[PDB]
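Engineer: This is start30.cif, which holds mmCIF, C-alpha atoms:
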data_target
loop_
_atom_site.group_PDB
_atom_site.id
_atom_site.type_symbol
_atom_site.label_atom_id
_atom_site.label_comp_id
_atom_site.auth_asym_id
_atom_site.auth_seq_id
_atom_site.Cartn_x
_atom_site.Cartn_y
_atom_site.Cartn_z
ATOM 1 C CA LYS E 1 0.000 0.000 0.000
ATOM 2 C CA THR E 2 1.162 3.594 -0.772
ATOM 3 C CA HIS E 3 -0.320 4.699 2.618
ATOM 4 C CA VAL E 4 -0.331 3.024 6.076
ATOM 5 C CA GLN E 5 -2.610 3.918 9.029
ATOM 6 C CA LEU E 6 -0.423 4.496 12.116
ATOM 7 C CA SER E 7 -1.120 5.664 15.700
ATOM 8 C CA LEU E 8 2.064 7.463 16.900
ATOM 9 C CA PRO E 9 2.746 7.716 20.671
ATOM 10 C CA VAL E 10 3.208 11.427 21.530
ATOM 11 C CA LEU E 11 6.272 11.761 23.884
ATOM 12 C CA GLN E 12 7.313 14.690 26.145
ATOM 13 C CA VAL E 13 10.739 15.954 24.842
ATOM 14 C CA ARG E 14 12.368 15.578 28.344
ATOM 15 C CA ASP E 15 11.366 11.811 28.442
ATOM 16 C CA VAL E 16 12.978 10.982 25.072
ATOM 17 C CA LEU E 17 16.002 8.667 25.551
ATOM 18 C CA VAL E 18 17.102 8.518 21.859
ATOM 19 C CA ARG E 19 16.872 12.066 20.505
ATOM 20 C CA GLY E 20 17.352 11.400 16.752
ATOM 21 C CA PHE E 21 17.593 8.740 14.031
ATOM 22 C CA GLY E 22 21.222 9.305 12.928
ATOM 23 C CA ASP E 23 23.835 11.520 11.382
ATOM 24 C CA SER E 24 22.807 12.240 7.724
ATOM 25 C CA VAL E 25 19.539 13.451 6.100
ATOM 26 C CA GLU E 26 19.447 10.164 4.147
ATOM 27 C CA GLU E 27 20.010 7.993 7.302
ATOM 28 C CA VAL E 28 17.385 9.798 9.476
ATOM 29 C CA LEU E 29 14.715 9.493 6.708
ATOM 30 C CA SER E 30 15.678 5.772 6.257
ATOM 31 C CA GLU E 31 15.617 5.038 10.029
ATOM 32 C CA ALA E 32 12.351 7.045 10.520
ATOM 33 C CA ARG E 33 10.647 4.938 7.776
ATOM 34 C CA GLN E 34 12.022 1.693 9.300
ATOM 35 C CA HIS E 35 10.735 2.700 12.850
ATOM 36 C CA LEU E 36 7.342 3.847 11.460
ATOM 37 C CA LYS E 37 6.930 0.404 9.754
ATOM 38 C CA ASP E 38 8.160 -1.501 12.942
ATOM 39 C CA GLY E 39 5.855 0.468 15.333
ATOM 40 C CA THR E 40 8.953 1.856 17.180
ATOM 41 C CA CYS E 41 8.493 5.574 16.256
ATOM 42 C CA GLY E 42 7.344 8.375 18.598
ATOM 43 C CA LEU E 43 6.251 11.962 17.896
ATOM 44 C CA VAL E 44 7.314 15.087 19.800
ATOM 45 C CA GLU E 45 5.046 18.132 19.289
ATOM 46 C CA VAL E 46 7.180 21.151 18.306
ATOM 47 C CA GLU E 47 7.068 24.229 20.587
ATOM 48 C CA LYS E 48 9.542 26.916 21.771
ATOM 49 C CA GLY E 49 12.653 25.110 23.111
ATOM 50 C CA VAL E 50 11.807 21.573 21.839
ATOM 51 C CA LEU E 51 14.057 21.326 18.746
ATOM 52 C CA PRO E 52 17.330 22.451 20.463
ATOM 53 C CA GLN E 53 16.732 19.532 22.937
ATOM 54 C CA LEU E 54 16.726 17.011 20.007
ATOM 55 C CA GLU E 55 19.546 15.908 17.631
ATOM 56 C CA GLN E 56 19.871 17.050 13.975
ATOM 57 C CA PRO E 57 19.192 15.995 11.353
ATOM 58 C CA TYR E 58 15.460 16.255 12.355
ATOM 59 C CA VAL E 59 12.616 14.270 10.763
ATOM 60 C CA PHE E 60 9.237 16.075 10.653
ATOM 61 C CA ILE E 61 5.815 14.692 9.776
ATOM 62 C CA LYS E 62 3.980 17.358 7.746
ATOM 63 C CA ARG E 63 0.282 17.407 6.677
ATOM 64 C CA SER E 64 0.185 16.438 2.937
ATOM 65 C CA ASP E 65 -3.638 16.959 2.435
ATOM 66 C CA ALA E 66 -6.794 18.594 4.041
ATOM 67 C CA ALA E 67 -8.276 12.833 6.955
ATOM 68 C CA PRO E 68 -9.500 9.251 6.265
ATOM 69 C CA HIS E 69 -10.913 7.419 9.366
ATOM 70 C CA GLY E 70 -9.529 10.290 11.596
ATOM 71 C CA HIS E 71 -5.968 9.708 10.172
ATOM 72 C CA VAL E 72 -4.248 12.935 8.927
ATOM 73 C CA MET E 73 -2.271 12.348 5.705
ATOM 74 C CA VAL E 74 1.402 13.199 6.367
ATOM 75 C CA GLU E 75 4.794 12.835 4.685
ATOM 76 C CA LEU E 76 8.439 12.950 5.920
ATOM 77 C CA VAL E 77 10.686 16.058 5.600
ATOM 78 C CA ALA E 78 14.244 16.173 7.103
ATOM 79 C CA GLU E 79 16.110 19.316 8.240
ATOM 80 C CA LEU E 80 19.887 19.902 8.725
ATOM 81 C CA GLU E 81 21.419 23.360 9.508
ATOM 82 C CA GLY E 82 18.165 25.107 8.415
ATOM 83 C CA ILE E 83 17.812 23.267 5.029
ATOM 84 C CA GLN E 84 14.769 20.936 4.504
ATOM 85 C CA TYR E 85 14.695 17.889 2.180
ATOM 86 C CA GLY E 86 11.129 17.674 1.005
ATOM 87 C CA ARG E 87 8.306 20.169 0.726
ATOM 88 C CA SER E 88 4.958 19.632 2.521
ATOM 89 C CA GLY E 89 2.336 21.319 4.770
ATOM 90 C CA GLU E 90 2.203 22.150 8.498
ATOM 91 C CA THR E 91 4.431 20.211 10.989
ATOM 92 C CA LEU E 92 2.494 17.720 13.197
ATOM 93 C CA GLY E 93 5.805 17.161 15.081
ATOM 94 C CA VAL E 94 9.338 15.704 15.040
ATOM 95 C CA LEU E 95 9.840 11.910 14.922
ATOM 96 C CA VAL E 96 12.139 10.062 17.360
ATOM 97 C CA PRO E 97 12.815 6.425 18.209
ATOM 98 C CA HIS E 98 10.328 5.025 20.770
ATOM 99 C CA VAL E 99 12.136 2.752 23.308
ATOM 100 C CA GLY E 100 9.301 2.427 25.926
ATOM 101 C CA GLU E 101 8.724 6.055 27.079
ATOM 102 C CA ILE E 102 5.105 6.530 28.396
ATOM 103 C CA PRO E 103 3.155 8.708 25.908
ATOM 104 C CA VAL E 104 0.792 11.634 26.764
ATOM 105 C CA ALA E 105 -1.413 10.998 23.678
ATOM 106 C CA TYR E 106 -1.629 9.278 20.264
ATOM 107 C CA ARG E 107 -1.579 11.012 16.847
ATOM 108 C CA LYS E 108 -3.487 9.040 14.134
ATOM 109 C CA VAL E 109 -1.724 9.568 10.767
ATOM 110 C CA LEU E 110 -1.939 8.118 7.236
ATOM 111 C CA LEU E 111 1.758 7.882 6.169
ATOM 112 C CA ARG E 112 2.665 8.171 2.451
ATOM 113 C CA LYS E 113 5.061 5.128 2.332
#
If you convert what's in this file into C-alpha coordinates, what do you get?
Structural biologist:
Amino acid sequence: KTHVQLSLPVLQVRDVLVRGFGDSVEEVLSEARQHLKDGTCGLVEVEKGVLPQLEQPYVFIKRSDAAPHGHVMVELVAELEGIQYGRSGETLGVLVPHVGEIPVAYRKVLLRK
(Lines of atoms letter the chains of each structure in order from A and count residues from 1; the text may use other names and numbers.)
(Lines give C-alpha, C1' and ligand atoms only; values in the text may rest on other atoms or scores of the structure.)
Protein backbone atom coordinates (compact mmCIF):
# COMPACT_ATOMS: atom_id res chain seq x y z
CA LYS A 1 0.00 0.00 0.00
CA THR A 2 1.16 3.59 -0.77
CA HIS A 3 -0.32 4.70 2.62
CA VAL A 4 -0.33 3.02 6.08
CA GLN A 5 -2.61 3.92 9.03
CA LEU A 6 -0.42 4.50 12.12
CA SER A 7 -1.12 5.66 15.70
CA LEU A 8 2.06 7.46 16.90
CA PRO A 9 2.75 7.72 20.67
CA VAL A 10 3.21 11.43 21.53
CA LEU A 11 6.27 11.76 23.88
CA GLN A 12 7.31 14.69 26.15
CA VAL A 13 10.74 15.95 24.84
CA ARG A 14 12.37 15.58 28.34
CA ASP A 15 11.37 11.81 28.44
CA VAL A 16 12.98 10.98 25.07
CA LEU A 17 16.00 8.67 25.55
CA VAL A 18 17.10 8.52 21.86
CA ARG A 19 16.87 12.07 20.51
CA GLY A 20 17.35 11.40 16.75
CA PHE A 21 17.59 8.74 14.03
CA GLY A 22 21.22 9.30 12.93
CA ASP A 23 23.83 11.52 11.38
CA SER A 24 22.81 12.24 7.72
CA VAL A 25 19.54 13.45 6.10
CA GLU A 26 19.45 10.16 4.15
CA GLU A 27 20.01 7.99 7.30
CA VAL A 28 17.38 9.80 9.48
CA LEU A 29 14.72 9.49 6.71
CA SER A 30 15.68 5.77 6.26
CA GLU A 31 15.62 5.04 10.03
CA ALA A 32 12.35 7.04 10.52
CA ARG A 33 10.65 4.94 7.78
CA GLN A 34 12.02 1.69 9.30
CA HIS A 35 10.73 2.70 12.85
CA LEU A 36 7.34 3.85 11.46
CA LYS A 37 6.93 0.40 9.75
CA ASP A 38 8.16 -1.50 12.94
CA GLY A 39 5.86 0.47 15.33
CA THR A 40 8.95 1.86 17.18
CA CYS A 41 8.49 5.57 16.26
CA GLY A 42 7.34 8.37 18.60
CA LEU A 43 6.25 11.96 17.90
CA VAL A 44 7.31 15.09 19.80
CA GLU A 45 5.05 18.13 19.29
CA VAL A 46 7.18 21.15 18.31
CA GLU A 47 7.07 24.23 20.59
CA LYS A 48 9.54 26.92 21.77
CA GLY A 49 12.65 25.11 23.11
CA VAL A 50 11.81 21.57 21.84
CA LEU A 51 14.06 21.33 18.75
CA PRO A 52 17.33 22.45 20.46
CA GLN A 53 16.73 19.53 22.94
CA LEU A 54 16.73 17.01 20.01
CA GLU A 55 19.55 15.91 17.63
CA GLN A 56 19.87 17.05 13.98
CA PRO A 57 19.19 15.99 11.35
CA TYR A 58 15.46 16.25 12.36
CA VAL A 59 12.62 14.27 10.76
CA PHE A 60 9.24 16.07 10.65
CA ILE A 61 5.82 14.69 9.78
CA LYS A 62 3.98 17.36 7.75
CA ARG A 63 0.28 17.41 6.68
CA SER A 64 0.18 16.44 2.94
CA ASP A 65 -3.64 16.96 2.43
CA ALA A 66 -6.79 18.59 4.04
CA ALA A 67 -8.28 12.83 6.95
CA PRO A 68 -9.50 9.25 6.26
CA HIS A 69 -10.91 7.42 9.37
CA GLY A 70 -9.53 10.29 11.60
CA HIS A 71 -5.97 9.71 10.17
CA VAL A 72 -4.25 12.94 8.93
CA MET A 73 -2.27 12.35 5.71
CA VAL A 74 1.40 13.20 6.37
CA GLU A 75 4.79 12.84 4.69
CA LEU A 76 8.44 12.95 5.92
CA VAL A 77 10.69 16.06 5.60
CA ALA A 78 14.24 16.17 7.10
CA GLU A 79 16.11 19.32 8.24
CA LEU A 80 19.89 19.90 8.73
CA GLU A 81 21.42 23.36 9.51
CA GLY A 82 18.17 25.11 8.42
CA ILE A 83 17.81 23.27 5.03
CA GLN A 84 14.77 20.94 4.50
CA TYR A 85 14.69 17.89 2.18
CA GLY A 86 11.13 17.67 1.01
CA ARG A 87 8.31 20.17 0.73
CA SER A 88 4.96 19.63 2.52
CA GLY A 89 2.34 21.32 4.77
CA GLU A 90 2.20 22.15 8.50
CA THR A 91 4.43 20.21 10.99
CA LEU A 92 2.49 17.72 13.20
CA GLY A 93 5.80 17.16 15.08
CA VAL A 94 9.34 15.70 15.04
CA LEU A 95 9.84 11.91 14.92
CA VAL A 96 12.14 10.06 17.36
CA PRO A 97 12.82 6.42 18.21
CA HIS A 98 10.33 5.03 20.77
CA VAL A 99 12.14 2.75 23.31
CA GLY A 100 9.30 2.43 25.93
CA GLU A 101 8.72 6.05 27.08
CA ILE A 102 5.10 6.53 28.40
CA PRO A 103 3.16 8.71 25.91
CA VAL A 104 0.79 11.63 26.76
CA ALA A 105 -1.41 11.00 23.68
CA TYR A 106 -1.63 9.28 20.26
CA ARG A 107 -1.58 11.01 16.85
CA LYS A 108 -3.49 9.04 14.13
CA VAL A 109 -1.72 9.57 10.77
CA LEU A 110 -1.94 8.12 7.24
CA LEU A 111 1.76 7.88 6.17
CA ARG A 112 2.66 8.17 2.45
CA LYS A 113 5.06 5.13 2.33
Engineer: Near range 42-59 of chain E, within 7 Å and counting only C-alpha atoms, which residues show up once chain neighbours fewer than 6 positions away are dropped, as a list in words?
Structural biologist: residues 8, 9, 10, 11, 12, 13, 19, 20, 23, 24, 25, 28, 29, 76, 77, 78, 79, 80, 92, 93, 94, 95, 96, 97 and 98 of chain E
Engineer: For the structure provided, state which residues fall under the PyMOL selection byres ((chain E and resi 65) around 12), and present them as a count of residues only.
Structural biologist: 18
Engineer: Could you list as a ChimeraX atom specification every residue that has an atom within 7 Å of (4.7, 2.4, 13.0), using the file's coordinates and counting only C-alpha atoms?
Structural biologist: /E:6,8,35-41
Engineer: What are the centre and the three edge lengths of an axis-aligned box that wraps all atoms of range 9-26 of chain E in the file, given that 8 Å is added to every side, written as AutoDock Vina command-line options and rounded to one decimal in Å?
Structural biologist:
--center_x 13.3 --center_y 11.8 --center_z 16.3 --size_x 37.1 --size_y 24.2 --size_z 40.3
Engineer: Please, what distance in Å, to one decimal, runs between CA of residue 17 in chain E and CA of residue 70 in chain E?
Structural biologist: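 CA of residue 70 in chain E lies at a distance of 29.1 Å from CA of residue 17 in chain E.
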Engineer: What is the distance between CA of residue 14 in chain E and CA of residue 84 in chain E, in Å to one decimal?
Structural biologist: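 Going from CA of residue 14 in chain E over to CA of residue 84 in chain E covers 24.6 Å.
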Engineer: So which one's closest to residue 103 in chain E, E:32, E:61, E:16, E:83? Using all atoms listed in the file, please.
Structural biologist: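 Using all atoms listed in the file, the shortest distance to residue 103 in chain E belongs to E:16.
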Engineer: Using CA of residue 7 in chain E and CA of residue 104 in chain E as the two end points, give the distance in Å to one decimal.
Structural biologist: 12.7 Å
Engineer: Hey, what comes out of the PyMOL selection byres ((chain E and resi 113) around 8) on this file? Could you write it as a count of residues only?
Structural biologist: 7
Engineer: Please fill the gaps in range 29-54 of chain E so it has N, CA and C atoms, and write that as an mmCIF file, keeping the file's coordinate frame.
Structural biologist:
data_model
loop_
_atom_site.group_PDB
_atom_site.id
_atom_site.type_symbol
_atom_site.label_atom_id
_atom_site.label_comp_id
_atom_site.auth_asym_id
_atom_site.auth_seq_id
_atom_site.Cartn_x
_atom_site.Cartn_y
_atom_site.Cartn_z
ATOM 1 N N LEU E 29 15.945 9.816 7.468
ATOM 2 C CA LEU E 29 14.715 9.493 6.708
ATOM 3 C C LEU E 29 14.558 7.975 6.615
ATOM 4 N N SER E 30 15.649 7.259 6.331
ATOM 5 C CA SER E 30 15.678 5.772 6.257
ATOM 6 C C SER E 30 15.231 5.158 7.588
ATOM 7 N N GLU E 31 15.886 5.579 8.669
ATOM 8 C CA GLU E 31 15.617 5.038 10.029
ATOM 9 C C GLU E 31 14.182 5.384 10.428
ATOM 10 N N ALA E 32 13.727 6.619 10.184
ATOM 11 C CA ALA E 32 12.351 7.045 10.520
ATOM 12 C C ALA E 32 11.363 6.082 9.858
ATOM 13 N N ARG E 33 11.541 5.827 8.557
ATOM 14 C CA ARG E 33 10.647 4.938 7.776
ATOM 15 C C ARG E 33 10.712 3.535 8.373
ATOM 16 N N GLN E 34 11.909 3.047 8.706
ATOM 17 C CA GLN E 34 12.022 1.693 9.300
ATOM 18 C C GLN E 34 11.259 1.650 10.644
ATOM 19 N N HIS E 35 11.410 2.655 11.511
ATOM 20 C CA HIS E 35 10.735 2.700 12.850
ATOM 21 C C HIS E 35 9.219 2.860 12.673
ATOM 22 N N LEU E 36 8.794 3.656 11.702
ATOM 23 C CA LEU E 36 7.342 3.847 11.460
ATOM 24 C C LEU E 36 6.724 2.498 11.097
ATOM 25 N N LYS E 37 7.369 1.745 10.205
ATOM 26 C CA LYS E 37 6.930 0.404 9.754
ATOM 27 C C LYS E 37 6.925 -0.562 10.949
ATOM 28 N N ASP E 38 7.926 -0.507 11.847
ATOM 29 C CA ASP E 38 8.160 -1.501 12.942
ATOM 30 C C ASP E 38 7.372 -1.139 14.213
ATOM 31 N N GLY E 39 6.638 -0.030 14.191
ATOM 32 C CA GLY E 39 5.855 0.468 15.333
ATOM 33 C C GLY E 39 6.743 0.931 16.475
ATOM 34 N N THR E 40 7.936 1.447 16.168
ATOM 35 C CA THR E 40 8.953 1.856 17.180
ATOM 36 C C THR E 40 9.310 3.337 16.976
ATOM 37 N N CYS E 41 8.329 4.144 16.592
ATOM 38 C CA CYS E 41 8.493 5.574 16.256
ATOM 39 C C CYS E 41 7.576 6.412 17.144
ATOM 40 N N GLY E 42 8.139 7.420 17.812
ATOM 41 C CA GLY E 42 7.344 8.375 18.598
ATOM 42 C C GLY E 42 7.315 9.738 17.934
ATOM 43 N N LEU E 43 6.479 10.617 18.449
ATOM 44 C CA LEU E 43 6.251 11.962 17.896
ATOM 45 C C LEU E 43 6.410 12.926 19.052
ATOM 46 N N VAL E 44 7.205 13.959 18.845
ATOM 47 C CA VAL E 44 7.314 15.087 19.800
ATOM 48 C C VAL E 44 6.697 16.318 19.150
ATOM 49 N N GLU E 45 5.734 16.935 19.824
ATOM 50 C CA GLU E 45 5.046 18.132 19.289
ATOM 51 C C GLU E 45 5.997 19.309 19.469
ATOM 52 N N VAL E 46 6.154 20.080 18.403
ATOM 53 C CA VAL E 46 7.180 21.151 18.306
ATOM 54 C C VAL E 46 6.600 22.386 18.984
ATOM 55 N N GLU E 47 7.327 22.913 19.964
ATOM 56 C CA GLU E 47 7.068 24.229 20.587
ATOM 57 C C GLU E 47 8.424 24.870 20.874
ATOM 58 N N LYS E 48 8.382 26.134 21.282
ATOM 59 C CA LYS E 48 9.542 26.916 21.771
ATOM 60 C C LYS E 48 10.387 26.012 22.667
ATOM 61 N N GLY E 49 11.640 25.789 22.287
ATOM 62 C CA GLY E 49 12.653 25.110 23.111
ATOM 63 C C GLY E 49 12.696 23.608 22.904
ATOM 64 N N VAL E 50 11.815 23.048 22.070
ATOM 65 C CA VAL E 50 11.807 21.573 21.839
ATOM 66 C C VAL E 50 12.979 21.201 20.948
ATOM 67 N N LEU E 51 13.113 21.824 19.773
ATOM 68 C CA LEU E 51 14.057 21.326 18.746
ATOM 69 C C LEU E 51 15.505 21.375 19.233
ATOM 70 N N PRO E 52 15.958 22.419 19.970
ATOM 71 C CA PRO E 52 17.330 22.451 20.463
ATOM 72 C C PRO E 52 17.607 21.323 21.476
ATOM 73 N N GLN E 53 16.569 20.683 22.014
ATOM 74 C CA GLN E 53 16.732 19.532 22.937
ATOM 75 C C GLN E 53 16.847 18.219 22.151
ATOM 76 N N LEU E 54 16.637 18.240 20.834
ATOM 77 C CA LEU E 54 16.726 17.011 20.007
ATOM 78 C C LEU E 54 17.961 17.112 19.114
#
